[PDB]
Amino acid sequence: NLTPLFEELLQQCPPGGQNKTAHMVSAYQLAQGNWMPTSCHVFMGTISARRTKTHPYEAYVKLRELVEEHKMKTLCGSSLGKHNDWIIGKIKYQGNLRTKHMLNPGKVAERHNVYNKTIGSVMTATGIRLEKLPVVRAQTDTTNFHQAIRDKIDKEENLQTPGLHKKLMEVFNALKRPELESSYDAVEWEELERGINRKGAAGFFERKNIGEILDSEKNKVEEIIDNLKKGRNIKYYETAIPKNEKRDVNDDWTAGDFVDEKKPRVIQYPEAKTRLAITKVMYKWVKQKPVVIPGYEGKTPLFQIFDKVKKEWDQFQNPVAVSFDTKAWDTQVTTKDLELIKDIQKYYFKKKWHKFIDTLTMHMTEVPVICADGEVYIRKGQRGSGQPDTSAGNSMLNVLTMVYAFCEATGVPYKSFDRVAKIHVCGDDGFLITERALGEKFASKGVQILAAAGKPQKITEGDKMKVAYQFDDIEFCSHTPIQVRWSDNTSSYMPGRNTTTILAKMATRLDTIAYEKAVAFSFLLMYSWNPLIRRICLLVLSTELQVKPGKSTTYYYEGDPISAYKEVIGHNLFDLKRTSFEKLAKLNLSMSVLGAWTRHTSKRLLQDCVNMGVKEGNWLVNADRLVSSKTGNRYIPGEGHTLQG
């Protein structure tokens with residue numbers, strides 16, 4: 001017989017759930033005969049069968065090949081990353097993504113923009129053709145979306161020069177802050193929850209959102225935080241959706257409608273529980289609570305971005321400004337990069353939390369991404385746009401690279417950098433200010449030094465970087481400095497943009513007079529230099545003064561808007577005596593070329609304001625310097641303040 005040898009193997013064939021769905025044969029009944037396996041896992045002494053007339057040896061022949069098969073797949077395989085192997089389970093279909101430079105194992109089982117009633121109506125009444133105004137919320141087809149991944153996302157990590165990331169540390173070793181070293185730690189549930197979008201998007205396998213995760217399974221996030229701190233691999237996946245998909249939702253407050261506009265076609269975001277797990281821990285770094293990365297303006301509000309800068313620009317014997325057009329930055333992040341920012345995080349975080357960093361970064365190098373339609377792909381490094389670390393990390397990266405490029409092109413020591421240039425960034429977008437001498441070197445030798453670093457500039461001109469020679473040619477956060485002159489003869493620069501582009505952003509929604517006002521106040525803080533837009537905002541704010549403003553847009557106001565504006569701008573809207581002559585030409589010209597306004601549109605808006613603030617009394621529209629001037633009245637405003645979120 002053969003049983004005494006069948007008992008040998010069975011104490012080695014793997015365990016299983018005793019399943020009655022078929023024929024579980026006996027530890028000896030195998031040597032009987034005609035009882036050959038069709039499956040292996042043992043139920044404390046059974047396997048499958050087939051009644052296939054097998055010989056008491058043909059059984060052992062077959063089974064032992066399954067044990068060889070099992071001891072093979074398991075234990076003694078490859079692919080899909082060394083930590084990401086879990087994702088093979090959730091596959092069901094073979095995958096059509098046609099990706100040439102990264103994996104693609106299969107697929108899984110799988111917001112219109114409307115007009116602002118009041119604000120739109122205001123515009124038309126003056127001659128503004130909304131038909132002739134840019135569309136600023138277009139979506140994208142999935143056919144087009146699929147090609148967006150191949151065109152932009154599937155690529156091998158750029159070639160970053162030998163011993164570069166040592167020089168980048170060499171750089172960060174100048175701008176480090178020993179006063180905070182090994183100090184950061186997790187934040188409590190209140191400080192995290194204070195500013196948090198209760199409707200923050202959920203991962204592909206999730207069903208609740210940021211709020212509900214907070215409401216109910218707060219302990220589930222405490223798990224993700226524990227294991228990561230202890231050193232364990234966590235099921236890290238990212239989800240990928242197109243831009244302006246219903247699930248493109250910011251967990252933090254945007255200081256402008258430009259942030260969601262400097263977004264990439266392809267948004268990659270981790271499970272919402274995982275967004276919290278990272279953030280209750282890395283809050284001090286990711287939000288950048290103390291600000292550590294020099295020149296990071298992501299916490300600065302838009303109205304002072306340029307006021308603050310012109311205080312620097314006005315110090316250089318002869319200053320120039322140079323821009324950073326990194327071609328689709330996010331897909332230009334190598335794995336040594338993410339390992340650099342990793343070391344940084346560990347410079348400021350405590351000792352207990354390094355493992356967290358150590359672990360989380362490992363996952364962030366080999367990232368499985370599930371698409372909207374189920375098509376999972378593996379990302380070759382790079383930054384997912386919706387990761388908590390995006391603004392925080394990306395920015396550190398930008399200055400370190402760009403410092404490196406600036407010193408590498410000019411020979412200025414990394415230590416002596418602040419003595420010869422100033423740097424402002426905002427994630428990947430930024431610029432740098434220095435003398436005409438130095439700027440020109442960095443301007444030409446820059447496209448090269450930078451492509452050499454894996455951060456390739458755009459197509460540009462003759463391979464020179466973008467150089468701003470006069471201050472009001474700078475671009476930043478998608479706005480440009482325009483200058484205003486006040487009652488008291490002072491100058492001060494405001495955040496300029498194109499009139500058409502503002503009217504487009506302002507009239508449109510995304511699937512409510514109180515909201516329409518909060519928009520017109522939020523637009524006034526930035527665009528009061530633009531009289532067409534100033535007069536519009538006053539005309540809207542002055543409607544339905546009963547109705548308190550809404551709170552879902554960038555800013556809003558508590559009390560008398562013209563007093564709130566005063567609190568944040570440091571000047572009364574009435575004090576706006578003149579807007580820069582030439583710079584207002586440029587930003588208004590788009591309007592004549594698209595034909596969005598008429599000869600009569602300028603005067604007609606003003607007349608509506610004078611027609612309104614002429615009746616005896618204290619009328620909002622009279623906040624405009626000229627309106628009040630020809631309407632004889634003035635606006636006497638009560639206590640008012642500015643808020644956000």
# chains A, B, ... in the order shown; residues from 1 in each chain; ligands from 1
>>> residues_around(residues="residue 265 (chain A)", least_positions_apart="2", cutoff="10 Å", atoms="only C-alpha atoms", output="list in words")
residues 139, 140, 145, 148, 149, 152, 241, 242, 243, 244, 261, 262, 263, 267, 268, 328 and 385 of chain A
>>> write_last_selection(atoms="N, CA, C and O atoms", output="tab-separated table (two decimals), in the first residue's frame")
chain	number	residue	atom	x	y	z
A	139	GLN	N	-14.99	69.51	-18.86
A	139	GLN	CA	-14.67	68.16	-18.39
A	139	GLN	C	-13.86	67.44	-19.48
A	139	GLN	O	-13.24	68.08	-20.33
A	140	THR	N	-13.85	66.11	-19.47
A	140	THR	CA	-13.08	65.37	-20.46
A	140	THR	C	-13.62	63.95	-20.61
A	140	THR	O	-13.94	63.29	-19.62
A	145	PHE	N	-9.44	60.61	-21.66
A	145	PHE	CA	-8.82	60.41	-20.35
A	145	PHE	C	-7.78	59.31	-20.41
A	145	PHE	O	-6.69	59.42	-19.85
A	148	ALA	N	-4.77	60.42	-21.73
A	148	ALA	CA	-4.09	61.37	-20.85
A	148	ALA	C	-3.10	60.64	-19.97
A	148	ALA	O	-2.02	61.16	-19.66
A	149	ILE	N	-3.43	59.42	-19.58
A	149	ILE	CA	-2.50	58.64	-18.78
A	149	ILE	C	-1.29	58.24	-19.62
A	149	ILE	O	-0.14	58.52	-19.24
A	152	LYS	N	0.97	61.34	-20.43
A	152	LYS	CA	1.53	62.17	-19.37
A	152	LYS	C	2.04	61.39	-18.18
A	152	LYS	O	2.98	61.83	-17.52
A	241	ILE	N	-8.83	59.94	-11.39
A	241	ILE	CA	-10.01	60.55	-12.00
A	241	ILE	C	-9.56	61.73	-12.88
A	241	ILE	O	-8.51	62.33	-12.63
A	242	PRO	N	-10.35	62.09	-13.87
A	242	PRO	CA	-10.01	63.27	-14.67
A	242	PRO	C	-10.31	64.58	-13.96
A	242	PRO	O	-11.03	64.62	-12.96
A	243	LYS	N	-9.73	65.67	-14.47
A	243	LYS	CA	-9.93	66.97	-13.83
A	243	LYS	C	-11.38	67.41	-13.97
A	243	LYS	O	-12.00	67.24	-15.03
A	244	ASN	N	-11.91	67.97	-12.88
A	244	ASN	CA	-13.29	68.43	-12.74
A	244	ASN	C	-14.29	67.27	-12.66
A	244	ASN	O	-15.50	67.47	-12.81
A	261	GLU	N	-7.00	75.09	-10.56
A	261	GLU	CA	-6.76	75.43	-11.96
A	261	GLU	C	-5.33	75.13	-12.39
A	261	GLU	O	-5.08	74.88	-13.57
A	262	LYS	N	-4.40	75.18	-11.44
A	262	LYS	CA	-3.06	74.62	-11.62
A	262	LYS	C	-3.05	73.16	-11.15
A	262	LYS	O	-2.20	72.73	-10.36
A	263	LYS	N	-4.04	72.42	-11.59
A	263	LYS	CA	-4.16	71.00	-11.37
A	263	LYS	C	-3.85	70.25	-12.66
A	263	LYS	O	-4.01	70.81	-13.76
A	267	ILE	N	-5.77	63.32	-11.79
A	267	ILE	CA	-5.75	63.50	-10.35
A	267	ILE	C	-5.61	62.14	-9.69
A	267	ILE	O	-6.46	61.27	-9.86
A	268	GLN	N	-4.55	61.96	-8.92
A	268	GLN	CA	-4.34	60.71	-8.22
A	268	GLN	C	-4.46	60.93	-6.72
A	268	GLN	O	-3.70	61.70	-6.14
A	328	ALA	N	4.83	69.66	-16.78
A	328	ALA	CA	4.06	68.72	-15.95
A	328	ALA	C	4.87	68.19	-14.77
A	328	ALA	O	5.24	67.03	-14.71
A	385	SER	N	-1.34	63.73	-7.46
A	385	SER	CA	-1.69	65.13	-7.27
A	385	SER	C	-2.48	65.37	-5.99
A	385	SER	O	-2.34	66.42	-5.37
>>> residues_around(residues="region 630-644 of chain A", least_positions_apart="3", cutoff="8 Å", atoms="only C-alpha atoms", output="JSON, numbers by chain")
{"A": [551, 553, 554, 555, 556, 557, 558, 559, 560, 561, 562, 563, 564, 565, 567, 568, 610, 613, 614, 616, 617, 618, 619, 620, 621, 622, 623, 626, 627]}
>>> select_by_dssp(residues="region 410-525 of chain A", states="alpha helix (DSSP H)", output="PyMOL selection string")
chain A and resi 410+436-451+499-507+513-525
>>> residues_around(residues="region 82-97 of chain A", least_positions_apart="3", cutoff="6 Å", atoms="only C-alpha atoms", output="PyMOL selection string")
chain A and resi 105-108
>>> closest_atom_pairs(of="region 229-326 of chain A", to="region 394-401 of chain A", cutoff="8 Å", atoms="only C-alpha atoms", output="Markdown table")
| residue | atom | partner | partner_atom | distance |
| --- | --- | --- | --- | --- |
| A:293 | CA | A:396 | CA | 5.5 |
| A:294 | CA | A:399 | CA | 7.5 |
| A:295 | CA | A:399 | CA | 7.9 |
| A:296 | CA | A:395 | CA | 6.8 |
>>> write_last_selection(atoms="N, CA, C and O atoms", output="PDB file, in the first residue's frame")
ATOM      1  N   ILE A 293       9.899  75.521   4.413  1.00  0.00           N
ATOM      2  CA  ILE A 293      10.459  75.604   3.065  1.00  0.00           C
ATOM      3  C   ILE A 293      10.566  77.069   2.673  1.00  0.00           C
ATOM      4  O   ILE A 293       9.533  77.713   2.532  1.00  0.00           O
ATOM      5  N   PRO A 294      11.756  77.634   2.479  1.00  0.00           N
ATOM      6  CA  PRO A 294      11.861  79.084   2.215  1.00  0.00           C
ATOM      7  C   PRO A 294      11.258  79.507   0.888  1.00  0.00           C
ATOM      8  O   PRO A 294      11.619  78.988  -0.166  1.00  0.00           O
ATOM      9  N   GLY A 295      10.377  80.518   0.952  1.00  0.00           N
ATOM     10  CA  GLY A 295       9.641  81.043  -0.181  1.00  0.00           C
ATOM     11  C   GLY A 295       8.299  80.395  -0.425  1.00  0.00           C
ATOM     12  O   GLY A 295       7.677  80.687  -1.453  1.00  0.00           O
ATOM     13  N   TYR A 296       7.844  79.511   0.470  1.00  0.00           N
ATOM     14  CA  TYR A 296       6.568  78.823   0.288  1.00  0.00           C
ATOM     15  C   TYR A 296       5.438  79.749   0.652  1.00  0.00           C
ATOM     16  O   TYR A 296       5.359  80.209   1.793  1.00  0.00           O
TER      17      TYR A 296
END
>>> residues_around(residues="residue 173 (chain A)", least_positions_apart="2", cutoff="12 Å", atoms="only C-alpha atoms", output="NGL selection string")
:A and (165-171 or 175-178 or 340 or 343-344 or 347 or 400 or 414-415)
>>> residues_around(residues="residue 5 (chain A)", least_positions_apart="6", cutoff="12 Å", atoms="only C-alpha atoms", output="JSON, numbers by chain")
{"A": [11, 12, 27, 28, 30, 31, 56, 57, 59, 60, 61, 64]}
>>> write_last_selection(atoms="C-alpha atoms", output="PDB file, in the first residue's frame")
ATOM      1  CA  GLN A  11       1.442  16.729   7.050  1.00  0.00           C
ATOM      2  CA  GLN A  12       2.752  19.355   4.597  1.00  0.00           C
ATOM      3  CA  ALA A  27      -5.963  10.564   4.426  1.00  0.00           C
ATOM      4  CA  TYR A  28      -5.799   6.853   3.508  1.00  0.00           C
ATOM      5  CA  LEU A  30      -6.325   8.128  -1.435  1.00  0.00           C
ATOM      6  CA  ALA A  31      -4.089   5.044  -1.481  1.00  0.00           C
ATOM      7  CA  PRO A  56      -2.740   4.801  -5.689  1.00  0.00           C
ATOM      8  CA  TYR A  57       0.494   6.332  -7.066  1.00  0.00           C
ATOM      9  CA  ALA A  59      -2.691  10.300  -6.712  1.00  0.00           C
ATOM     10  CA  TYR A  60       0.623  11.096  -4.985  1.00  0.00           C
ATOM     11  CA  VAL A  61       2.033  12.104  -8.373  1.00  0.00           C
ATOM     12  CA  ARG A  64       2.825  16.566  -4.898  1.00  0.00           C
TER      13      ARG A  64
END
>>> closest_residue(among="A:461, A:193, A:473, A:157", to="residue 338 (chain A)", atoms="only C-alpha atoms")
A:157
>>> residues_around(residues="residue 419 (chain A)", least_positions_apart="2", cutoff="12 Å", atoms="only C-alpha atoms", output="number ranges by chain")
A: 315-316, 407, 412-417, 421-423, 433-435
>>> atom_distance(atom1="CA of residue 230 (chain A)", atom2="CA of residue 355 (chain A)")
6.6 Å
